[PDB]
Amino acid sequence: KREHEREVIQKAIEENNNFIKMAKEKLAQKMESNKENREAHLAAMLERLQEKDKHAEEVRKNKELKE
Amino acid sequence: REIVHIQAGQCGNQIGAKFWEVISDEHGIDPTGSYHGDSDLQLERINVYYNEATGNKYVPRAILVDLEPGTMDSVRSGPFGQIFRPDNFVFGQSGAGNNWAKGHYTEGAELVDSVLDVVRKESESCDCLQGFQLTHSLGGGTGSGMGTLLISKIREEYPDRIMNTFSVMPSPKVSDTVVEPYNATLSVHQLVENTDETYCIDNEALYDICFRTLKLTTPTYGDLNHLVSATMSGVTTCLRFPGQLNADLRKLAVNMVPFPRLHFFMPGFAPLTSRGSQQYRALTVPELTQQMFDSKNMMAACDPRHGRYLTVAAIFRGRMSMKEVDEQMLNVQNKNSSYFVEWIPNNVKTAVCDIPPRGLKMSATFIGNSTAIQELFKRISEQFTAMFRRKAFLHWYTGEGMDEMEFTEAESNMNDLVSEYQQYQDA
Ligand SMILES: Nc1nc2c(ncn2[C@@H]2O[C@H](COP(=O)(O)OP(=O)(O)O)[C@@H](O)[C@H]2O)c(=O)[nH]1
Ligand SMILES: COc1ccc(N(C)c2nc(Cl)nc3ccsc23)cc1
Ligand SMILES: [Mg+2]
């Protein structure tokens with residue numbers, strides 16, 4: 001009975017620890033992928049704005065060729 | 001032959017405090033521990049329950065236990081609270097939340113060694129320890145879970161001492177939480193294995209008595225505990241006073257328990273009185289005898305006519321004819337012989353004590369080992385399974401590390417107890 005008593009309290013400690021552990025890992029993974037995804041969206045937005053500067057340079061070049 | 005008393009949890013400490021108030025008054029001890037007593041019958045066996053201190057003070061051999069400090073503060077604030085030895089208050093801070101698992105496995109485990117240290121100190125000063133008596137409820141967390149944890153540890157360290165309990169069974173009519181049937185069933189499983197004798201104090205019966213017989217419309221725990229303290233005083237009479245019997249806890253166990261597991265008693269009391277209001281006509285010995293055997297006077301809500309008395313112990317208190325007491329006790333058995341098992345000859349024993357309890361010229365206390373006690377455990381078993389079949393409210397327990405399997409074993413053991421009581425009701 002003493003053996004079973006400490007196995008019960010060790011089990012309670014193990015479940016509480018595991019819950020804390022999984023919550024900590026779950027949000028660490030969530031914040032990591034959230035940061036990646038937001039950055040990928042901003043990176044794509046700039047990459048298309050920069051293409052607008054590449055195209056605007058070409059436009060002025062073609063005007064020069066017309067002279 | 002010293003008894004060590006332990007009271008645990010809210011209910012245990014409240015009925016515990018009342019018991020010490022009541023028997024101290026009977027033995028002529030005031031809240032200071034001084035004896036201003038009339039008779040000398042009062043002191044002859046006073047050492048069964050009291051340590052003597054220098055300056056001829058009498059200190060209860062009592063240990064007060066709780067995982068929560070509140071109701072032990074109220075006891076110390078209480079009338080006789082100054083009589084208890086302050087070192088024998090052992091308490092935690094977090095409470096048990098009405099959870100057997102917390103009292104037994106997580107909160108109670110943290111505190112149980114301190115209690116066992118206090119138990120040890122009191123035992124080492126004993127010339128010859130009889131054993132222990134515990135007051136507790138089975139429906140809460142502390143008295144139920146930690147109380148049964150204490151019983152198990154006390155048995156390991158004192159395996160040749162007697163363990164006696166006054167256990168208050170929960171009732172929906174007087175109920176704190178829905179999980180009482182869980183706590184009670186887990187506790188009964190412990191009581192079956194680890195006590196020699198337990199008085200089943202049924203809050204259902206205490207409520208029915210107050211409502212029906214005592215015409216108290218809204219009974220409080222104060223009204224319930226008046227009944228409890230009267231019963232506790234009566235059933236202890238032959239431990240505390242000199243008589244033709246000079247009983248102790250082991251002889252009570254030997255003569256009341258024909259098979260080890262069937263050690264759960266229905267107590268009875270007469271006359272039934274409410275607190276504060278006194279009635280001025282004493283009973284006749286014939287009246288005492290009939291009332292003490294009446295189902296309306298049982299402190300466990302079971303019908304005695306639904307079973308058989310294996311053994312009975314009866315104690316009559318007050319100045320009366322022992323001849324008339326003998327005739328009336330012989331009368332009830334001879335007229336109702338079918339309700340006493342034929343295979344235990346002369347299974348009714350009567351004792352008389354001259355000192356009556358406070359407020360009564362005459363009283364009768366009844367201790368029955370009846371197969372009808374199975375009704376009590378059946379009632380609790382139904383309430384348990386009603387929730388358990390849907391696993392309702394279990395998370396309170398699995399959250400402390402308990403497994404469903406432990407609930408299944410405790411329920412199955414209590415069903416076996418019911419079967420065994422049924423086995424002897426027909427023999
Ligand atoms: N007769 C009686 N029963 C009580 C009293 N206090 C609590 N109870 C019962 O005990 C149960 C509650 O358990 P409790 O002892 O308060 O929890 P604990 O503090 O952990 O021991 C309830 O079902 C009540 O019916 C009391 O003063 N008298
Ligand atoms: C069935 O036969 C018996 C039942 C019980 C006893 N003993 C030991 C008692 N012990 C205490 Cl403490 N009180 C009383 C009161 C009346 S008997 C009794 C003896 C014989
Ligand atoms: Mg309570």
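A, B, ... follow the sequence lines: proteins, then strands. Residue 1 opens every chain. As a basis for the values below, the full set of heavy atoms in this structure was taken, side chains included, without hydrogen atoms, waters or symmetry mates.
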Here the side-chain hydrogen bond (donor to acceptor under 3.5 Å, both in side chains) pairs for residues 318-339 of chain B, sequence neighbours left out, are B:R305-B:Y339
Hits for ring-ring contact (aromatic ring centres under 6.0 Å, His included) against B:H104, two or more places apart or cross-chain, chain-then-number order -> B:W100
Sorted by chain and number, sequence neighbours left out, salt bridge (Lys or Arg N to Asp or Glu O under 4.0 Å) with B:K251 holds for none
For B:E2, the salt bridge (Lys or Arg N to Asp or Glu O under 4.0 Å) test, sequence neighbours excluded, returns none
In short, ring pair (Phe, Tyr, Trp, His ring centres under 6.0 Å) pairs touching residues 229-251 of chain B with sequence neighbours left out are B:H27-B:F241
For residues 134-147 of chain B, the salt bridge (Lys or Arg N to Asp or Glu O under 4.0 Å) pairs (sequence neighbours left out) are none
Contacts of B:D416 meeting salt bridge (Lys or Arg N to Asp or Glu O under 4.0 Å) (sequence neighbours excluded), chain-then-number -> none
Using only atom types and a distance under 3.5 Å, with no angle test, would you say the side chain of B:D30 pairs donor to acceptor with the backbone of B:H36? no
Salt bridge (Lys or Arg N to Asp or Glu O under 4.0 Å) filter on B:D403, not counting sequence neighbours, yields none
Contacts of B:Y199 meeting ring-ring contact (aromatic ring centres under 6.0 Å, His included) (sequence neighbours excluded), chain-then-number -> B:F166, B:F265
When the ring centroid of B:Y50 is compared with that of B:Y35, is the distance short of 6.0 Å?
no
For residues 402-425 of chain B, the ring pair (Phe, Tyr, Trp, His ring centres under 6.0 Å) pairs (sequence neighbours left out) are B:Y182-B:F407, B:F259-B:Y424, B:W343-B:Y424, B:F388-B:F407, B:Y397-B:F407
Applying ring-ring contact (aromatic ring centres under 6.0 Å, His included) to B:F89 and not counting sequence neighbours gives none
The side-chain contact (heavy atoms from CB on, under 4.5 Å) partners of B:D294 (sequence neighbours excluded) come to B:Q290, B:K296, B:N297
